[PDB]
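Asker: below: the sequence, then the experimentally determined structure.
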Amino acid sequence: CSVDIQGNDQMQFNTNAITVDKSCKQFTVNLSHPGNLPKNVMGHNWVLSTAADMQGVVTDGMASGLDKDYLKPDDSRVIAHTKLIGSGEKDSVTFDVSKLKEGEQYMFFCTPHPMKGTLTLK
Ligand SMILES: [Cu+]
């Protein structure tokens, strides 16, 4: 009921797709950042929302800026998020799998940089 994911200096996540076993009550994403660039220039986060909500989350996050991890505080569209990390840093986020609803399309993404993928219940 966890996955390890990396974001590198070339703005790439090392997976495009996360699958969550339906046996899981909670799920944990462990984000890391191979490379050499720091948080203020090549910081990554990992953010989960519906596909429909992603644009507003990113836009509002960029308006909130760097010290708010490029996320709007208390954004109710964000189902789960890590903090922003630079190279060498790590952050894990855990969420309740029952927040993922049948029939919905979930996406994971970084807010400052064009990086995204799918999250699906197995
Ligand atoms: Cu990123």
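Answerer: Here it is on my side, so go on. Numbers count the residues shown, from 1 in each chain.
Asker: what's the burial count for residue 88?
Answerer: 12 (other C-beta atoms under 10 Å). C-beta: built from backbone N, CA, C; applies to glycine.
Asker: which phi and psi values does the nearest residue to it once chain neighbours are set aside adopt?
Answerer: Spatially, and ignoring its direct neighbours in sequence, residue 88 is nearest to residue 33 (6.7 Å; C-beta to C-beta, 6 or more residues apart in numbering). Torsion angles at residue 33 (phi, psi; degrees, to the nearest 10) stand at phi -150, psi 80.
Asker: residues contacting residue 33?
Answerer: 6, 7, 8, 42, 44, 85, 86, 87, 88, 89, 90 (C-beta atoms under 8 Å, 6 or more residues apart in numbering).
Asker: then residue 119?
Answerer: 17, 18, 19, 20, 48, 100, 106, 107, 108.
Asker: give me the number of residues near the third one?
Answerer: Just to be clear, that refers to residue 19. 12.
Asker: Three-state assignment for it, please.
Answerer: Look at residue 19: counting by DSSP: H, G, I helix; E, B strand; the rest coil, its state is strand.
Asker: check contacts around it.
Answerer: Per C-beta under 8 Å, 6+ apart, neighbours of residue 19: 119, 120, 121, 122.
Asker: same check on the fourth one?
Answerer: For residue 20, the contacting residues are 1, 27, 97, 100, 119, 120, 121, 122, by C-beta under 8 Å, 6+ apart.
Asker: ChimeraX command for the buried members of the residues you listed?
Answerer: Selection of the buried residues among the contacts of residue 20 in ChimeraX, burial being defined by 16 or more other C-beta atoms under 10 Å:
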select :27,97,100,119
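Asker: for the ion, state which of the contacts of residue 20 is nearest.
Answerer: Proximity of the contacts of residue 20 to the ion (C-beta to the ion) peaks at residue 119, which lies at 16.1 Å.
Asker: hang on, the earlier thing: what subset of the contacts of residue 20 is also close to the ion?
Answerer: Filtering those for proximity to the ion (criterion: C-beta under 5 Å from the ion) leaves nothing.
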